[PDB]
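Presented as structure tokens, the chain that follows is alone, the form deposited without S-adenosylmethionine.
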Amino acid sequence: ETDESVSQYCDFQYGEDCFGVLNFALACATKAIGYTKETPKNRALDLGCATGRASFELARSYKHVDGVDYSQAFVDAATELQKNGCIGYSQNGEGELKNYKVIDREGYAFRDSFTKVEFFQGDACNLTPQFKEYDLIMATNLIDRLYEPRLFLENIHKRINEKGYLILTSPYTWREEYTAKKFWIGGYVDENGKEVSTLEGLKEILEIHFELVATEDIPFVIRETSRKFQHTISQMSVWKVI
């Protein structure tokens, strides 16, 4: 159960490209470093780090990276790869068949920086007070999985340094199994009969403390079986603290 999801994100984050779509965690981290080039790049926070790829990649440019995920099982896998230098996972094949794969930390360029990362279990809607003073906070495919995203979005500016950045990516796949409809940031018809886009809703919440600097669509592919995959286009939004 949990091992299936962990194996799936191991393949997503450390596996090979599919359909010409590049590694999502590398693309997001690389794009995040570009948008934050003018900043000190001392502390970064990767929320929804899952199996840790984006944190490792951010660490190549930042002095310290905190990786945070809600699932302890994902944190353990990231910590295992960090500490043991390798982790195994079961790649999904036809039906129930699985193909064992190894992730070797020493095979990736990020092996020059992995000690600059610390992985923690935590909830982005209510982060403990120690997670603060970041030059960059990135939340990868996270907002449409939070039970109340305003708890995170309305307060996250207090954890970012001045001239710091908040970078969000999301396919805007709002679902009642994750978020009650009244808390969707977008994808709904409001009480006045207007259709609300998630970006617009994010602008309403975030432009009190941020400026929207850029947007871009970043595709990603996650393997479900050897023949079935999810191909999704997430929208990255870049917000600079005002």
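In this text, residue numbers run from 1 along the sequence as written.
Below: the form deposited with S-adenosylmethionine bound, not depicted.
With S-adenosylmethionine omitted here, the record of contacts in the bound PDB entry names 48-56 of 187-195, 30-38, 204-212, 48-56, defined by a heavy atom within 4.5 Å. Using a 4.5 angstroms threshold between heavy atoms, residue 160 stays clear of S-adenosylmethionine in the bound PDB entry. At a distance threshold of 4.5 angstroms between non-hydrogen atoms, residue 123 is in contact with S-adenosylmethionine in the bound PDB entry.
Taking the partner from elsewhere, residue 70 is found to have a heavy atom lying within 4.5 Å of S-adenosylmethionine in the bound PDB entry. At least one heavy atom of residue 9 is located within 4.5 Å of S-adenosylmethionine in the bound PDB entry. This chain lacks the partner; the member of 92, 113, 82, 141 within 4.5 angstroms of S-adenosylmethionine in the bound PDB entry by a non-hydrogen atom is 141.
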